[PDB]
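Just below is one structure, and these are the notes that go with it.
Please treat every number below as a calculation from the coordinates, not as lab data. Quick reminder, even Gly has a Cβ in these numbers, built from the backbone with ideal geometry, and neighbours come from all protein chains shown.
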Amino acid sequence: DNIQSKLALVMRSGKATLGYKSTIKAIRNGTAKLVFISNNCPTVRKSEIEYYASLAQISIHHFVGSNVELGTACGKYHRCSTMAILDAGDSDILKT
RNA sequence: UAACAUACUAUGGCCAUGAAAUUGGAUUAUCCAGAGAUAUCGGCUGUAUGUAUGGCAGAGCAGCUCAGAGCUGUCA
Ligand SMILES: [Mg+2]
Ligand SMILES: [Mg+2]
């Protein structure tokens, strides 16, 4: 429930971007508050992103699932290896 | 209108920019996309048994003369 609900929330109230380019760009520009990576993420991206985040001190969430679960979770109809939560109004996770 | 010379075009693939849900794009057929589709006075690249010029008209071809030389057209 934590994840599904949290993200559903984040989507309703908040701003996020899906995908690799938008996620990295988000880290770069500093807009990225929280980063999600899937089980299916190609390694190179998993480690690359992991690095961009450590360096920018953003917190990375490793999802419990694969592309479909992510996309579905975000109430989108497309698959996503990596995702960025920008601003979520009501969800606790952003803060902890 | 030869190989060959130079410059351009050629079913595909790439690079930017930006991301797509009232999902779109696309083939006769399939098929592709947030693992970034579509789209930009956008850009790069690959293949001619393509185009232009050189070759080349002087050659070849078709006619017409002169007593071996000569003339005309070979176009769009
Ligand atoms: Mg082309
Ligand atoms: Mg002649």
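Stokes-Einstein, applied to the Kirkwood radius of the range A:1-52 over Cα pairs at a viscosity of 0.692 mPa s and 37 °C, places its translational diffusion at 273 µm² s⁻¹. Model label sites at A:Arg79 and A:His62, defined 7 Å from Cα along the beta-carbon direction, differ in position by 2.1 nm.
Helix content alone sets the calculated 222 nm mean residue ellipticity of chain A: runs of n ≥ 4 DSSP H residues at -39500 (n - 2.57) each, divided across all residues, give -13500 deg cm²/dmol. Summing Cβ point charges (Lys, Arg +1; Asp, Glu -1) relative to the Cα centre of chain A gives a dipole of roughly 320 debye.
Both numbers refer to the Cα atoms of chain A; Rg and Dmax are 12.0, 33 Å.
For the range A:54-96, the C-alpha radius of gyration sits at 1.27 times the compact-globule guess of 2.2 N^0.38 Å, with N the residue count.
With a ≥ b ≥ c the root eigenvalues of the C-alpha gyration tensor of the range A:34-74, is it rounded (a/c under 1.5), prolate (a/b larger than b/c) or oblate? In terms of gyration-tensor shape, oblate.
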